[PDB]
Amino acid sequence: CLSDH
Amino acid sequence: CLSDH
Amino acid sequence: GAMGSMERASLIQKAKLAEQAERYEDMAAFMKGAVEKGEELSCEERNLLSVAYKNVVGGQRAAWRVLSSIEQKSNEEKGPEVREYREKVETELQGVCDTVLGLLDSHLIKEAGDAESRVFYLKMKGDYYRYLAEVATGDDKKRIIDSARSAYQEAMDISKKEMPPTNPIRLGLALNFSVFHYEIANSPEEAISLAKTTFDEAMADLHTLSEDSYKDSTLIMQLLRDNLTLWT
Amino acid sequence: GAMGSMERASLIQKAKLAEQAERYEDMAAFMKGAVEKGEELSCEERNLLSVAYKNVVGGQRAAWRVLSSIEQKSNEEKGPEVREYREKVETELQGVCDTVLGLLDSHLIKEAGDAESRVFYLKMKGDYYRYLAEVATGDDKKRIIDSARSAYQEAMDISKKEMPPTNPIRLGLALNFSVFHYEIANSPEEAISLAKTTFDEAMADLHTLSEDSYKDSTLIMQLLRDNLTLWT
Ligand SMILES: [Ca+2]
Ligand SMILES: [Ca+2]
Ligand SMILES: [Mg+2]
Ligand SMILES: [Mg+2]
Ligand code: NA
Ligand code: NA
Ligand code: NA
Ligand code: NA
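Protein chains in written order, with my numbering: chain F, 8 to 12; chain C, 8 to 12; chain E, 165 to 396; chain H, 165 to 396.
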């Protein structure tokens, strides 16, 4: 579950 | 120039 | 605070140096000092603030997850040490989130009139309530989750009225709000719907972009796609 | 200090947790607290102490090198900020080295009677004077370099009398003393000679080792070989 860089 | 781990 | 005697421009300069040195705690302290000078932040300065605290709290979150997993395996024989140390890291994490939220409340958000600044800060407010929610247990967990949702929702409303669907701030907001839905709010269908609609509306707007903006937007779209592949 | 109220065993337990969480500043503070309990350290505890401070000062050294390079490029138009921030990191690095050296002097070394503990601590003393020498400028640079050399030399003398040539402590000492010669003392020929003799004498002793010790020793021998390949 990746969030914004 | 590597030193000990 | 301890940065009160340093020039605003010197604080920004040192934040950039600290970023190059991967000294993110220093970077965050410098950017906190810059914010407390009371002037609004430029686009570049907002990104320095975000990068610094994202890296600081990112390390704390990673540590908290390691300790939390050890603690639950410990409860599946030892004494209080794992719980004590998890609590220590958790309290430090909560302190960093409270610091960021305090900067946003005093007074970045209320002075942010342009869409790009206001959406940026409201997204940050959602993000740091989301990090608080990750470690919250029980009932005030409910109020923290609603504060994150409210901040994200206000940011979304503005971004849909004021920004094109490919705007990287708008895309990153939608990405993080979709993670909020999936990981925090127990709404995976809302997470998937938001990520898909965001991706599709950005795709239909790519034709308007320069090569450089195209690169910026498609990088975040790939993150949406990666999550959808994980979630479906 | 701030760890005075915590049990020695709890400090060791939390140091291991902090290592798992990659929280090396915490790890070092816990191990400092354990040392200040006044009891000698076991082999495992000595390694926890070394790992913690190695990672803390390692981050500082990496940051100092980034800032030092920016500073020299700046002197090949701006104001004092790069120098100020390099000085800040440098002072913090020196503080960590002084802390480690203070633990060794009060009173780890004087209570260390066995070869494995005494060589370990004297090697550490050489290492942290070496880190001080990396940032020292001028004349007290000379005295810092001699303190590193003296500590390494005493460690070497003991290790050659009391340890087999494959002993990992002995090998790591010789590795780091050879780096001291090459990087600090401007004696590359001494560095190469030491690394080669150390490698060759360990090679002739490998036949005595179990499979597990063989693995431990050859891993450090590879580090000697890597340096010799870089240096010749
Ligand atoms: Ca603790
Ligand atoms: Ca400074
Ligand atoms: Mg001023
Ligand atoms: Mg006791
Ligand atoms: Na606010
Ligand atoms: Na304004
Ligand atoms: Na000493
Ligand atoms: Na003793």
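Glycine included, every Cβ here is placed at the ideal spot set by N, Cα and C.
DSSP-derived helix/strand/coil call for residue i
| i | result |
| --- | --- |
| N340(E) | helix |
| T301(E) | coil |
| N211(H) | helix |
| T396(H) | coil |
| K306(E) | helix |
| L9(F) | coil |
| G223(E) | helix |
| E347(H) | helix |
| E171(E) | coil |
| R187(H) | coil |
| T330(H) | coil |
| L387(H) | helix |
| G202(E) | coil |
| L272(H) | helix |
| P244(E) | coil |
| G165(E) | coil |
| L370(E) | helix |
Within chain F, partners of residue i - CB distance below 7 Å
| i | result |
| --- | --- |
| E347(E) | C8 |
Proximal chain C residues relative to residue i, where beta-carbon distance stays under 7 Å
| i | result |
| --- | --- |
| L265(H) | The premise fails here: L265(H) is roughly 17 Å from chain C at the closest Cβ pair, so nothing lies under 7 Å. |
| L394(H) | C8 |
Closer than 9 Å at the beta carbon, the chain H residues around residue i
| i | result |
| --- | --- |
| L181(E) | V230, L231, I234, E245, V246, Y249 and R250 |
Residue i and residue j closer than 8 Å at C-beta
| i | j | result |
| --- | --- | --- |
| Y249(E) | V220(E) | no |
| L337(E) | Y295(E) | no |
| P332(H) | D376(H) | no |
| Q177(E) | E240(H) | no |
| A216(E) | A192(E) | yes |
| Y293(E) | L268(E) | no |
| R210(H) | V283(H) | no |
| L181(H) | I234(E) | yes |
| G277(E) | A315(E) | no |
| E203(E) | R172(E) | yes |
| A279(H) | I322(H) | yes |
Within chain C, the residues that residue i reaches when beta carbons sit closer than 9 Å
| i | result |
| --- | --- |
| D390(H) | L9 |
| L387(H) | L9, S10, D11 and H12 |
| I384(H) | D11 and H12 |
Beta-carbon contacts of residue i that lie in its chain and below 7 Å, excluding the five residues immediately before and after
| i | result |
| --- | --- |
| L213(H) | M195, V199 and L205 |
| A297(E) | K305, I308, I309, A312 and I348 |
| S342(E) | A355, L358, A359 and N391 |
| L373(H) | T330 and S381 |
| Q224(E) | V253, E256, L257 and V260 |
Own chain partners of residue i with C-beta closer than 8 Å, once the 5 adjacent residues on each side are dropped
| i | result |
| --- | --- |
| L175(E) | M167, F194, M195, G197, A198 and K201 |
| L339(E) | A359, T362, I384, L387, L388 and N391 |
| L231(H) | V246, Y249, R250 and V253 |
| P352(E) | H345, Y346 and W395 |
| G165(E) | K196, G197 and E200 |
Same chain, Cβ closer than 6 Å to residue i, neighbours up to 5 away in sequence not counted
| i | result |
| --- | --- |
| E354(H) | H345 |
| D369(E) | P328, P329 and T330 |
| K287(H) | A319 and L337 |
| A227(E) | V253 |
| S238(H) | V246 |
| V264(H) | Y217 and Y292 |
Where residue i meets chain E, residues with beta-carbon distance less than 7 Å
| i | result |
| --- | --- |
| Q258(H) | Per Cβ cutoff of 7 Å: no residues; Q258(H) is ~16 Å from chain E at best. |
Neighbour list for residue i in chain F, Cβ cutoff strictly below 9 Å
| i | result |
| --- | --- |
| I356(E) | Those within 9 Å of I356(E) in chain F number zero; the least Cβ separation is about 12 Å. |
Chain-ordered neighbours of residue i on chain E, where CB pairs are closer than 9 Å
| i | result |
| --- | --- |
| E186(H) | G223, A226, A227 and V230 |
Interface residues of chain H facing residue i [CB-CB closer than 7 Å]
| i | result |
| --- | --- |
| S174(E) | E245 |
| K237(E) | Within chain H, no residue comes near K237(E); the closest Cβ sits about 12 Å away, beyond 7 Å. |
Contact set between residue i and chain E, taken where Cβ atoms lie within less than 8 Å
| i | result |
| --- | --- |
| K178(H) | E245, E248 and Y249 |
Any C-beta of chain B under 8 Å from that of residue i
| i | result |
| --- | --- |
| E248(H) | Absent from the structure: chain B. Protein chains present are F, C, E and H. |
Output needed in chain order: residues of the region 282-308 of chain H with a Cβ under 9 Å from some Cβ in chain C. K287, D291 and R294
Interface residues of the region 314-347 of chain H facing chain C [CB-CB below 7 Å]
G336, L339, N340, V343, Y346 and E347
Practice problem: Closer than 7 Å, Cβ to Cβ, to anything on chain F: give me those residues from the region 196-222 of chain E, in chain order. | Solution: none
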